[PDB]
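Asks: First, the structure itself, so that you have it in front of you.
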Amino acid sequence: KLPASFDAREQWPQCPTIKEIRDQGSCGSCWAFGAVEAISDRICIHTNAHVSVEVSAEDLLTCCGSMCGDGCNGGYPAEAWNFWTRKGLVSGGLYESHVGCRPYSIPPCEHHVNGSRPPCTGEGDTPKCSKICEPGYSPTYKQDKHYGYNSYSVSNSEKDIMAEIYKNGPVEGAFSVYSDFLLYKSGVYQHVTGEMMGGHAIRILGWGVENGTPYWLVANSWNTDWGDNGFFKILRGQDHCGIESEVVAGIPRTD
Ligand SMILES: *[C@@H](C(=O)OCC)[C@H](O)C(=O)N[C@@H](CC(C)C)C(=O)NCCC(C)C
């Protein structure tokens with residue numbers, strides 16, 4: 151039944167958010183970015199591309215509060231999707247994009263790569279929960295909220311995660327970052343060297359096989375000059391670094 155490879159970007163070509171890589175900046179907001187990225191994709195999938203919006207990382211990061219964790223000091227993906235069912239999330243694009251209700255307020259930076267942006271630094275301050283859209287945005291903040299029908303865990307099962315993506319779209323997951331991951335450029339990542347850096351949440355949008363090695367297709371939130379245009383592949387089928395152990399998702403409510 152399931153194909154040997156699957157790429158959500160190919161399945162849903164009228165859903166540009168599936169292709170988009172974001173930048174969490176110097177803020178420990180991975181938990182929020184994996185969530186709003188996958189939610190953006192799923193709203194588009196759920197509406198057959200009639201609604202394509204960048205869901206606001208700012209709104210989730212700043213307005214969830216203690217139930218999701220501590221903002222830029224880290225958080226809990228399962229409760230991020232729960233917040234989407236309870237209070238909903240407004241739209242908002244990239245830093246200084248002036249797109250949507252609440253664009254991200256934390257500037258982009260260089261994540262373990264060289265570039266023209268400032269180097270990323272340690273976990274900044276969490277911005278305030280501001281329940282107002284940027285000036286001139288036409289829907290009110292309340293009216294711009296997109297809600298989830300539900301939020302749920304996917305079991306620690308390769309085939310279960312594969313089926314979830316195949317039917318319902320990209321998911322959020324999390325894994326343990328070891329130092330050798332930081333220099334990833336291409337290929338299928340397998341941890342071989344380096345100490346544990348901490349847990350990191352990401353968006354899983356497909357799977358495949360490269361040179362006989364099964365992999366998950368993953369979007370990072372470290373801008374496009376990190377990794378493979380902002381994406382990476384990681385070993386699939388052995389819960390490698392915990393990649394299959396903390397998968398979460400949810401189905402949108404119809405706006
Ligand atoms: C993730 C991040 O931004 O790292 C990039 C530098 C945040 O630090 C974050 O929210 N991390 C974390 C929750 C904290 C540690 C309470 C998380 O989501 N960990 C995933 C668990 C993993 C070991 C399977």
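Everything in the sequence shown is counted per my numbering, starting at 151 for the first residue and increasing by one.
For each residue, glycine too, the CB sits at the ideal point set by N, CA and C.
#1: Evaluate the contact criterion for the segment 184-195 versus the segment 345-358: three or more CB pairs, one atom per stretch, below 8 Å.
#2: Starting from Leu210 and walking both ways along the alpha helix (DSSP H), at which residues does that stretch end?
#3: Check each residue's C-beta against every heavy atom of ligand 1 and list, in chain order, those closer than 5 Å.
#4: Determine the extent of the alpha helix (DSSP H) in which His248 is found, giving its start and end residues.
#5: Label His261 either buried or exposed according to how many other C-beta atoms from any shown protein chain fall within 10 Å of its C-beta, with 16 as the threshold for buried.
#6: Inspect the beta-carbon positions of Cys165 and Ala207 and report whether they are closer than 8 Å.
#7: Rounding to the nearest angstrom, what Cα-Cα distance links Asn361 and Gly337 in this structure?
#8: How long is the line joining the alpha carbons of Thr404 and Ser280, rounded to whole angstroms?
#9: Looking at C-beta atoms only, is the number of pairs between the segment 206-221 and the segment 318-336 that lie closer than 8 Å three or more?
#10: Provide the residue(s) that pair with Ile282 in DSSP beta bridges, ordered along the chain.
#11: With 16 as the cutoff for other CB atoms within 10 Å, does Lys317 come out buried or exposed?
#12: DSSP has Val398 in a bridge; who is on the other side?
#13: Are the segment 305-322 and the segment 236-244 touching by the rule of at least three beta carbon pairs closer than 8 Å?
#14: Which class does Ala369 belong to by DSSP, given the choice of helix, strand or coil?
#15: Go ahead and pull the three-state DSSP assignment for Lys169.
#16: Give the secondary structure of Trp376 by DSSP, where H, G and I count as helix, E and B as strand, and everything else as coil.
#17: For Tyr254, which residues in the same chain have their Cβ closer than 7 Å to its Cβ, ignoring the five residues on either side in sequence?
#18: With distances taken between CB atoms, is the gap from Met347 to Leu152 smaller than 8 Å?
#19: Looking at the structure shown, is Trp181 part of a helix, part of a strand, or coil, going by DSSP?
#20: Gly184 and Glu322 look like a contact to me (Cβ under 8 Å); what is the Cβ gap, rounded to whole Å?
#21: Excluding the five sequence neighbours on either side, which residues of its own chain have a C-beta within less than 6 Å of the C-beta of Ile282, listed in chain order?
#22: List the residues that DSSP assigns as beta-bridge partners of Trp357.
Replies: On the basis of the data shown:
#1: yes
#2: Taking the first residue of the sequence shown as position 1, residue 210 is located at position 60. First-last of the alpha helix (DSSP H) with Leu210: 207-213.
#3: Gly178, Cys180, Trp181, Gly224, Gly225, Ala324, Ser326, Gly349, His350, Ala351, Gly392, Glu396
#4: Within the sequence shown, residue 248 is the residue found at index 98, counting from 1. Where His248 is concerned, there is no enclosing alpha helix (DSSP H), given that its DSSP letter is neither H nor E.
#5: Numbered from 1 along the sequence shown, position 111 holds the residue referred to as residue 261. Residue environment for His261: buried (at least 16 other C-beta atoms within 10 angstroms of its C-beta).
#6: To locate residue 165, count along the sequence shown from 1; it is residue 15. To locate residue 207, count along the sequence shown from 1; it is residue 57. No, Cβ-Cβ distance for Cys165 and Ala207 is not below 8 Å.
#7: The count along the sequence shown starts at 1 and reaches residue 361 at position 211. The count along the sequence shown starts at 1 and reaches residue 337 at position 187. About 9 Å.
#8: Position 254 of the sequence shown, counting from 1, holds the residue named residue 404. Position 130 of the sequence shown, counting from 1, holds the residue named residue 280. Their Cα atoms are separated by approximately 25 Å.
#9: Below 8 Å, too few C-beta pairs join the segment 206-221 and the segment 318-336 to call them touching: fewer than three.
#10: Counting from one through the sequence shown, the residue named residue 282 turns up at place 132. According to DSSP, which records beta bridges pairwise, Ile282 is partnered with nothing at all.
#11: As a working note, residue 317 is residue 167 in the sequence shown. It counts as exposed.
#12: On the sequence shown, position 248 is the one that residue 398 refers to. In DSSP, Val398 forms a bridge with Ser303, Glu322.
#13: no
#14: Here residue 369 refers to the residue found at position 219 of the sequence shown. If DSSP states are grouped into helix, strand and coil, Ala369 belongs with the strands.
#15: Here the question's residue 169 lines up with position 19 in the sequence shown. Three-state result, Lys169: helix.
#16: Within the sequence shown, numbered from 1, the residue matching residue 376 stands at position 226. If DSSP states are grouped into helix, strand and coil, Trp376 belongs with coil.
#17: The residue labelled residue 254 in the question sits at position 104 within the sequence shown. Hits under 7 Å: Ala207, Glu208, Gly242, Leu244, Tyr245.
#18: Position 197 of the sequence shown, counted from the start, is the residue given in the question as residue 347. Position 2 of the sequence shown, counted from the start, is the residue given in the question as residue 152. For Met347 and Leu152, no; Cβs fall outside 8 Å.
#19: The residue you call residue 181 lines up with position 31 of the sequence shown. Residue state, collapsed to three classes: helix.
#20: Along the sequence shown, read from residue 1 onward, the residue named residue 184 stands at position 34. Along the sequence shown, read from residue 1 onward, the residue named residue 322 stands at position 172. Rounded to whole angstroms, the Cβ separation of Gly184 and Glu322 is 4 Å, and the two are in contact under 8 Å.
#21: Counted from its first residue, the sequence shown places residue 282 at position 132. Taken in chain order, the residues that qualify are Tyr291.
#22: By one-based count along the sequence shown, residue 357 stands at place 207. Answer by DSSP bridge pairing, in chain order: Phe156, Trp366.
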